[PDB]
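Structure first, commentary second.
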Amino acid sequence: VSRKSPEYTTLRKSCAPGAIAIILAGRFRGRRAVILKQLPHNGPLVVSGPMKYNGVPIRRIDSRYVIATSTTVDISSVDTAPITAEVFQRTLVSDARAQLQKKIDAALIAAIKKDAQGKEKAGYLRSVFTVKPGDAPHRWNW
Amino acid sequence: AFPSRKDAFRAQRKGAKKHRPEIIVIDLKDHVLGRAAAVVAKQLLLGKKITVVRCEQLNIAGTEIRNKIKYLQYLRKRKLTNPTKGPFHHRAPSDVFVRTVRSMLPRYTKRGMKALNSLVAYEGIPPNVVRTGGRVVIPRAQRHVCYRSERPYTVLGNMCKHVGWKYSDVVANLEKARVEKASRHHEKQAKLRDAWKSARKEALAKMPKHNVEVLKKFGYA
Amino acid sequence: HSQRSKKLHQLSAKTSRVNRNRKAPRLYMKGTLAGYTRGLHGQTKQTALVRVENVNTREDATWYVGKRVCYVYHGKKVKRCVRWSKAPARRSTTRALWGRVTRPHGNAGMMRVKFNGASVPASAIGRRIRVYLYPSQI
Amino acid sequence: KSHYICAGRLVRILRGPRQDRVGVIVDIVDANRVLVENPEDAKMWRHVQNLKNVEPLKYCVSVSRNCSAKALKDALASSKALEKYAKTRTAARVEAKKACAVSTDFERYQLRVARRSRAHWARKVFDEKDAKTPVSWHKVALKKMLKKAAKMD
RNA sequence: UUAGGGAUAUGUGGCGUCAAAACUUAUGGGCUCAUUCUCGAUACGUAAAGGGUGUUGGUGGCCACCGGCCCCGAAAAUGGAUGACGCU
RNA sequence: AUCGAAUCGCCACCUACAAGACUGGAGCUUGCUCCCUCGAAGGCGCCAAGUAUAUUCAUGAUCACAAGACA
Ligand SMILES: [Mg+2]
Ligand SMILES: [Mg+2]
Ligand code: NA
């Protein structure tokens with residue numbers, strides 16, 4: 001409750017863990033990922049592809065550069081990802097992060113498969129979002 | 001304008017493809033002159049590239065005699081001391097349309113000059129335009145929604161040939177040959193069109209069923 | 001020269017294929033700079049007017065209040081950019097000016113935009129503007 | 001042919017808050033205005049509509065002017081014009097439009113894959129039939145060149 | 001009715017293009033067709049009597065009179081002005 | 001050869017033509033009825049050449065001209 005406490009957040013309810021989000025900026029613009037959690041002290045979200053489907057690794061992202069759709073996946077993974085995982089000292093991946101990626105991605109894929117509509121959800125995660133001529137994004141539901 | 005040898009050399013050195021800018025082709029048949037001009041001038045200022053065809057089929061409200069008298073009043077304006085400087089009166093329908101558009105732009109400013117130079121006009125449909133894609137119309141400037149049917153109206157080519165345009169018969173013959181060619185080709189392509197129609201009609205049995213259900217739900221059956 | 005055999009093989013293979021467009025996606029909307037805010041007396045250049053494709057209503061234009069906006073052009077020389085050292089591939093004559101949407105204009109979907117610290121140049125009138133989808137409320 | 005404006009005629013609303021709803025004409029005021037009501041719809045109580053805002057349909061329930069609600073409800077039910085209107089393709093198109101307006105990113109993806117599946121199967125079938133009867137440009141050219149290649153080469 | 005600058009909202013005047021605003025609003029009603037200065041269209045500011053079955057309505061008894069728009073009546077000196085284009 | 005540049009849908013199914021007091025085809029009750037193409041969609045394209053447990057993506061580290069490119 002206390003604003004100084006790290007548990008304090010103000011994230012909008014749409015960006016809840018297990019929601020499928022569209023990336024709007026950065027190297028992975030247009031891909032679809034799954035929101036895992038929000039870092040403490042009202043920090044960024046962390047998302048993963050999983051990397052098998054669309055090639056998006058575990059990554060931090062501001063909630064203002066994401067569209068959180070209404071499609072959800074039930075997640076019950078170990079979610080042992082603190083702030084220290086993304087802090088570095090003052091094709092190459094460390095042998096700890098490389099292991100964390102697998103440990104999370106296997107559980108996430110098991111969750112998607114266990115979900116109903118699993119095949120459709122997998123294809124949905126593989127597809128790419130773009131703005132076509134004649135499109136009106138301001139009129140849509142998400 | 002014939003391209004220069006330096007441009008040809010540069011294009012060969014780059015080795016690119018054939019480039020075409022984004023252009024809109026408007027079929028002006030049975031359009032109201034002033035309303036079409038007003039829409040086109042605003043689009044030119046917003047930065048489009050526009051080509052208009054069939055300018056001899058524009059319409060003006062009123063009788064042909066009344067419109068012809070207006071044109072003759074225009075023609076009598078003339079710099080008395082030296083007519084080689086006075087107003088220049090163009091008689092072709094495409095030049096009439098271009099003048100009407102020019103009067104709705106800030107012509108003296110460079111911005112206005114760029115906008116005016118981004119427009120091309122033709123009588124009939126020339127062969128370098130025929131195959132470039134589907135033509136467009138302007139719904140808010142069409143005669144069947146703009147005029148009350150009981151009133152008389154003018155056709156611009158008919159008005160122009162009595163004040164001095166001398167290519168009406170040439171344009172008529174060219175348009176006749178054009179329409180014959182296009183009709184023969186359209187009839188020749190009917191077997192292909194029907195084959196594609198049948199293929200779409202029959203693939204609904206070979207696709208999966210749960211996709212067909214989505215098609216029906218969104219009304220694409 | 002007696003090489004119709006090559007053009008004979010190409011026709012026989014010919015199947016039904018389509019172009020299919022699998023390229024880098026675009027994540028912005030196309031607009032145009034109409035001009036500045038003005039009256040009959042003259043213009044005030046601190047606010048620009050932007051018209052966006054498929055946005056033809058005031059309720060439509062309200063959706064974009066707060067979104068970020070960009071004008072892309074090029075200079076004559078290569079100058080400093082973001083990640084000039086980290087990513088040398090970005091170095092070019094290409095440059096951009098950034099701004100934000102502030103409020104709608106009229107009833108037909110035009111919007112007012114304000115640029116960062118300075119006016120947009122008048123050479124951009126009639127040219128392309130990028131309107132992005134962020135920051136996002138959805 | 002055209003559907004005349006008359007008492008008992010079915011219409012569809014074009015613009016406004018009642019857009020794309022069907023009512024029945026119960027009275028004509030003058031050349032511009034009619035009174036419209038549909039008992040089996042929530043928002044279609046008896047009200048006034050300008051004749052520029054309506055679309056006359058092909059059905060007419062036979063009733064007299066300024067009829068009672070009781071006499072119009074049963075006349076509708078007996079005519080079964082609503083069950084007939086629900087089977088046309090323009091009614092289905094209206095329902096499809098509403099369904100498309102209210103749709104999520106997942107449903108748009110589903111529709112995209114359904115259309116892609118249809119197109120793939122259509123082009124397959126077309127290729128198979130063009131093998132028998134050559135109608136493509138490349139097959140026409142191939143058959144035109146085969147006779148020439150049979151000689152010499 | 002006025003110190004040097006931002007934001008918001010207004011006055012007079014406007015919202016087809018020139019030129020910001022109904023990207024030519026309405027799911028409002030009537031009326032009007034005008035052929036060499038010419039239908040008309042922002043006050044202050046630069047045409048009369050009399051006629052007209054042209055069209056739209058009103059009073060009293062198919063008639064007599066009174067209205068609304070439009071048309072005759074309406075003839076000058078460089079080529080030219082509802083501000084221009086145009087608009088039915 | 002200078003040259004890095006702004007632009008970000010493709011098609012040998014649109015790229016033929018006419019009408020809007022009227023328009024798929026019949027009747028005779030000429031404004032209703034009946035038939036069936038049902039009279040309000042150019043075709044594709046948007047990440048497995050196609051709807052199916054196939055498959056490399058990271059360190060380009062949280063926005064920045066798309067570090068890509070003419071399907
Ligand atoms: Mg304007
Ligand atoms: Mg770049
Ligand atoms: Na004026």
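The chains referred to below are lettered A, B, ... by the order of the sequence lines, with proteins before strands, and numbering in each begins at 1.
A stacking contact links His74(C) to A5(F): the aromatic ring centre lies within less than 5.5 Å of the base's six-membered ring centre, and the planes differ by less than 30°. Centre separation under 5.5 Å together with a plane angle under 30° holds for the ring of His144(B) and the six-membered base ring of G20(F), marking them as stacked. Ring-base stacking between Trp137(D) and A12(F) is satisfied, the centre separation being under 5.5 Å and the plane angle under 30°. Lacking a ring centre under 5.5 Å from that of the base six-membered ring together with a plane angle below 30°, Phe28(A) does not count as stacked on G60(F).
On the P atoms, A49(E) is 13 Å away from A74(E), given to the nearest whole Å. Between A48(E) and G58(E), the two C1' atoms lie 27 Å apart (nearest whole Å). Comparing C39(E) with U88(E), their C1' atoms are spaced 10 Å from each other, to the whole Å. When the P atom is used for both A19(E) and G79(E), the distance is 32 Å, rounded to whole Å.
In this structure, NE2 of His89(B) is placed 12 Å from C1' of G80(E), rounded to the nearest angstrom. The CE-P distance, from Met51(A) to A61(F), rounds to 16 Å in whole Å. Put simply, CG on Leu192(B) is 14 Å from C1' on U15(F), counting in whole angstrom units.
Interface remark: the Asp20(D) side chain does form a donor-acceptor pair with the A40(F) base, using a distance-only criterion of under 3.5 Å. In terms of polar N and O atoms assigned as donor or acceptor, the side chain of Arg64(A) never comes within less than 3.5 Å of the base of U62(F) in a complementary pairing. For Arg130(C) against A66(F), a side-chain-to-base donor-acceptor contact under 3.5 Å is present.
Residues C18(E) and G83(E) show canonical Watson-Crick or G-U wobble pairing, with both defining distances under 3.5 Å. Between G16(E) and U53(E) there is no base pair of the Watson-Crick or G-U wobble kind with both of its two distances under 3.5 Å. Geometry at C32(F) and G27(F) meets the Watson-Crick or G-U wobble definition, both required distances lying under 3.5 Å. Nucleotides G40(E) and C87(E) qualify as a pair under the Watson-Crick or G-U wobble definition, both contacts being shorter than 3.5 Å.
Judged by the sign of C1'-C2'-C3'-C4', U62(F) carries a south-puckered sugar. Pucker annotation for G67(E) reads north, on the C3'-endo side, since its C1'-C2'-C3'-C4' dihedral is above zero.
When the nucleotides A6(F), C46(F), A64(F) are ranked by their closest atom to the side chain of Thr130(A), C46(F) comes out on top. When each of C47(F), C37(E), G29(E) is scored by its nearest atom to the side-chain atoms of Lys52(D), the top-ranked nucleotide is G29(E).
Counting any heavy atom pair closer than 4.0 Å across all strands shown, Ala87(C) reaches a base atom. Here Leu45(B) lies in heavy-atom contact (under 4.0 Å) with sugar-phosphate atoms only. Backbone-only engagement by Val130(B) is indicated by non-hydrogen atom pairs under 4.0 Å involving sugar-phosphate atoms exclusively. At the heavy-atom level, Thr100(B) lies under 4.0 Å from the strands shown only through sugar-phosphate atoms. Nucleic acid contact class of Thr37(C) (heavy atoms, under 4.0 Å, all strands): none. As judged by a 4.0 angstrom heavy-atom cut-off over every strand, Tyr36(C) is placed among residues making no nucleic acid contact.
Considering only side-chain N and O atoms, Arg59(A) lies under 4.0 angstrom from the phosphate OP1 or OP2 of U59(F).
At a threshold of 4.5 Å between non-hydrogen side-chain atoms, the residues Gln19(D) and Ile13(D) do not count as touching.
In this step of the strand, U56(F) stacks on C57(F), since the centres of their six-membered base rings are under 5.5 Å apart and the ring planes meet at under 30°.
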